Amino acid sequence: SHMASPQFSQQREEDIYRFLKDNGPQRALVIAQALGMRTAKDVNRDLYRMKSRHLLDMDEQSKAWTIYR
């Protein structure tokens, strides 16, 4: 295929992926502030949604969100 591989539903998910592609693995709180949110809970919905579709992966060790391969 000649087009890009991931699927985003909204601007948040698209920013989350692009952000973690550009800096590498970061915690949900880093992602939240980078979108202009306040808390890790404001992003967690988008973050876990992308993990459920093969786009993100959280680390159990420090809650570091890393783009799924």
# chains A, B, ... in the order shown; residues from 1 in each chain; ligands from 1
>>> residues_around(residues="range 59-66 of chain A", least_positions_apart="5", cutoff="7 Å", atoms="only C-alpha atoms", output="PyMOL selection string")
chain A and resi 20+24-28
>>> select_by_dssp(residues="chain A", states="strand (DSSP E)", output="list in words")
residues 26, 27, 56, 57, 58, 64, 65, 66 and 67 of chain A
>>> write_last_selection(atoms="N, CA, C and O atoms", output="mmCIF file, in the first residue's frame")
data_model
loop_
_atom_site.group_PDB
_atom_site.id
_atom_site.type_symbol
_atom_site.label_atom_id
_atom_site.label_comp_id
_atom_site.auth_asym_id
_atom_site.auth_seq_id
_atom_site.Cartn_x
_atom_site.Cartn_y
_atom_site.Cartn_z
ATOM 1 N N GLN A 26 6.424 8.777 25.894
ATOM 2 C CA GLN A 26 6.166 9.732 26.992
ATOM 3 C C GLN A 26 4.959 9.290 27.836
ATOM 4 O O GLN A 26 4.149 8.496 27.379
ATOM 5 N N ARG A 27 4.776 9.819 29.049
ATOM 6 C CA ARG A 27 3.630 9.470 29.922
ATOM 7 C C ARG A 27 2.372 10.230 29.523
ATOM 8 O O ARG A 27 2.481 11.320 28.973
ATOM 9 N N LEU A 56 -1.262 2.421 19.872
ATOM 10 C CA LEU A 56 -0.477 2.770 21.069
ATOM 11 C C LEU A 56 -0.204 1.562 21.984
ATOM 12 O O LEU A 56 -0.883 0.550 21.902
ATOM 13 N N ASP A 57 0.756 1.676 22.895
ATOM 14 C CA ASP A 57 1.108 0.678 23.902
ATOM 15 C C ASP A 57 1.618 1.389 25.159
ATOM 16 O O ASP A 57 2.634 2.084 25.107
ATOM 17 N N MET A 58 0.928 1.234 26.286
ATOM 18 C CA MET A 58 1.398 1.742 27.577
ATOM 19 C C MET A 58 2.345 0.745 28.260
ATOM 20 O O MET A 58 2.118 -0.468 28.235
ATOM 21 N N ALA A 64 4.331 4.798 30.594
ATOM 22 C CA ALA A 64 4.875 5.436 29.396
ATOM 23 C C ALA A 64 4.107 4.947 28.164
ATOM 24 O O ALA A 64 4.096 3.755 27.874
ATOM 25 N N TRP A 65 3.459 5.855 27.445
ATOM 26 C CA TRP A 65 2.759 5.576 26.196
ATOM 27 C C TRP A 65 3.722 5.617 25.011
ATOM 28 O O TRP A 65 4.435 6.596 24.787
ATOM 29 N N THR A 66 3.742 4.521 24.257
ATOM 30 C CA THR A 66 4.660 4.271 23.141
ATOM 31 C C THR A 66 3.844 3.806 21.934
ATOM 32 O O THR A 66 2.996 2.933 22.064
ATOM 33 N N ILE A 67 4.025 4.409 20.762
ATOM 34 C CA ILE A 67 3.315 4.040 19.525
ATOM 35 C C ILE A 67 3.534 2.558 19.193
ATOM 36 O O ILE A 67 4.671 2.082 19.159
#
>>> closest_residue(among="A:40, A:34, A:3, A:29", to="residue 16 in chain A", atoms="only C-alpha atoms")
A:34
>>> select_by_dssp(residues="chain A", states="alpha helix (DSSP H)", output="PyMOL selection string")
chain A and resi 11-23+28-35+41-51
>>> write_last_selection(atoms="N, CA, C and O atoms", output="short mmCIF file (atom, residue, chain, number, x, y, z; two decimals), in the first residue's frame")
data_model
loop_
_atom_site.label_atom_id
_atom_site.label_comp_id
_atom_site.auth_asym_id
_atom_site.auth_seq_id
_atom_site.Cartn_x
_atom_site.Cartn_y
_atom_site.Cartn_z
N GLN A 11 -8.98 14.72 15.97
CA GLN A 11 -7.75 15.51 16.11
C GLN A 11 -6.89 15.08 17.31
O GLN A 11 -5.67 15.12 17.21
N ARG A 12 -7.49 14.68 18.43
CA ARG A 12 -6.71 14.24 19.61
C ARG A 12 -5.84 13.02 19.29
O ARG A 12 -4.64 13.07 19.49
N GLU A 13 -6.45 11.97 18.76
CA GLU A 13 -5.78 10.70 18.42
C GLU A 13 -4.65 10.91 17.39
O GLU A 13 -3.53 10.44 17.57
N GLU A 14 -4.96 11.68 16.36
CA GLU A 14 -3.99 12.13 15.35
C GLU A 14 -2.81 12.92 15.95
O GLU A 14 -1.65 12.64 15.62
N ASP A 15 -3.06 13.85 16.89
CA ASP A 15 -2.00 14.54 17.62
C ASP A 15 -1.20 13.61 18.54
O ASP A 15 0.02 13.71 18.56
N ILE A 16 -1.85 12.71 19.28
CA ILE A 16 -1.20 11.77 20.18
C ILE A 16 -0.14 10.94 19.45
O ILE A 16 1.00 10.84 19.90
N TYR A 17 -0.52 10.37 18.30
CA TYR A 17 0.37 9.55 17.49
C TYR A 17 1.55 10.38 16.97
O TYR A 17 2.71 10.03 17.23
N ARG A 18 1.27 11.51 16.31
CA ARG A 18 2.27 12.44 15.77
C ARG A 18 3.25 12.95 16.82
O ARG A 18 4.46 12.94 16.59
N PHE A 19 2.74 13.32 17.99
CA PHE A 19 3.54 13.75 19.14
C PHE A 19 4.51 12.64 19.58
O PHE A 19 5.72 12.84 19.59
N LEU A 20 4.02 11.42 19.85
CA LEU A 20 4.87 10.31 20.28
C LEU A 20 5.78 9.78 19.16
O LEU A 20 6.79 9.16 19.45
N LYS A 21 5.46 10.06 17.89
CA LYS A 21 6.34 9.79 16.76
C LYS A 21 7.50 10.79 16.71
O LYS A 21 8.62 10.42 16.36
N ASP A 22 7.23 12.03 17.09
CA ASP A 22 8.17 13.13 16.96
C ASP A 22 9.16 13.19 18.14
O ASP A 22 10.35 13.43 17.93
N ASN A 23 8.68 12.93 19.37
CA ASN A 23 9.53 12.89 20.57
C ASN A 23 9.91 11.47 21.02
O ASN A 23 10.96 11.29 21.64
N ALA A 28 1.19 9.74 29.91
CA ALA A 28 -0.11 10.35 29.54
C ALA A 28 -0.19 11.83 29.92
O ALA A 28 -0.74 12.63 29.18
N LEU A 29 0.45 12.22 31.02
CA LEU A 29 0.49 13.61 31.48
C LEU A 29 1.25 14.51 30.50
O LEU A 29 0.78 15.60 30.18
N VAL A 30 2.37 14.02 29.96
CA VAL A 30 3.14 14.71 28.91
C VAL A 30 2.24 14.93 27.69
O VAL A 30 2.16 16.04 27.16
N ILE A 31 1.51 13.88 27.29
CA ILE A 31 0.59 13.93 26.14
C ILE A 31 -0.52 14.96 26.38
O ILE A 31 -0.84 15.75 25.49
N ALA A 32 -1.08 14.97 27.59
CA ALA A 32 -2.19 15.84 27.99
C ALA A 32 -1.80 17.31 27.77
O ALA A 32 -2.47 18.04 27.04
N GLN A 33 -0.68 17.72 28.36
CA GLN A 33 -0.17 19.10 28.27
C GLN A 33 0.20 19.47 26.83
O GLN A 33 -0.02 20.61 26.40
N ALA A 34 0.70 18.50 26.07
CA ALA A 34 1.06 18.68 24.66
C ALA A 34 -0.17 18.89 23.75
O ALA A 34 -0.07 19.55 22.71
N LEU A 35 -1.35 18.39 24.16
CA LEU A 35 -2.66 18.67 23.53
C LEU A 35 -3.37 19.91 24.12
O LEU A 35 -4.35 20.38 23.55
N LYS A 41 -5.88 11.76 32.82
CA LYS A 41 -7.24 11.24 32.61
C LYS A 41 -7.94 11.87 31.41
O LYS A 41 -8.75 11.20 30.77
N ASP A 42 -7.60 13.11 31.05
CA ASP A 42 -8.20 13.76 29.88
C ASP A 42 -7.72 13.11 28.57
O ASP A 42 -8.43 13.14 27.56
N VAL A 43 -6.57 12.43 28.59
CA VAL A 43 -5.97 11.79 27.38
C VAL A 43 -6.17 10.29 27.36
O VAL A 43 -6.22 9.69 26.29
N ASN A 44 -6.24 9.68 28.53
CA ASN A 44 -6.28 8.23 28.73
C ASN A 44 -7.33 7.55 27.86
O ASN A 44 -7.04 6.51 27.27
N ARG A 45 -8.51 8.18 27.70
CA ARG A 45 -9.57 7.73 26.79
C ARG A 45 -9.06 7.52 25.36
O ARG A 45 -9.24 6.46 24.79
N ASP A 46 -8.35 8.51 24.82
CA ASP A 46 -7.76 8.49 23.48
C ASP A 46 -6.58 7.51 23.40
O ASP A 46 -6.46 6.73 22.46
N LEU A 47 -5.74 7.52 24.43
CA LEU A 47 -4.54 6.70 24.51
C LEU A 47 -4.87 5.20 24.51
O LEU A 47 -4.39 4.44 23.66
N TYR A 48 -5.75 4.77 25.42
CA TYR A 48 -6.20 3.37 25.52
C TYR A 48 -7.02 2.97 24.29
O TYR A 48 -6.91 1.83 23.84
N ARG A 49 -7.79 3.90 23.71
CA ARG A 49 -8.53 3.64 22.46
C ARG A 49 -7.57 3.25 21.34
O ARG A 49 -7.82 2.27 20.65
N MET A 50 -6.44 3.95 21.21
CA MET A 50 -5.41 3.66 20.22
C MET A 50 -4.66 2.36 20.53
O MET A 50 -4.30 1.62 19.62
N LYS A 51 -4.48 2.00 21.80
CA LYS A 51 -3.97 0.67 22.19
C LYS A 51 -4.92 -0.47 21.81
O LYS A 51 -4.48 -1.48 21.27
#
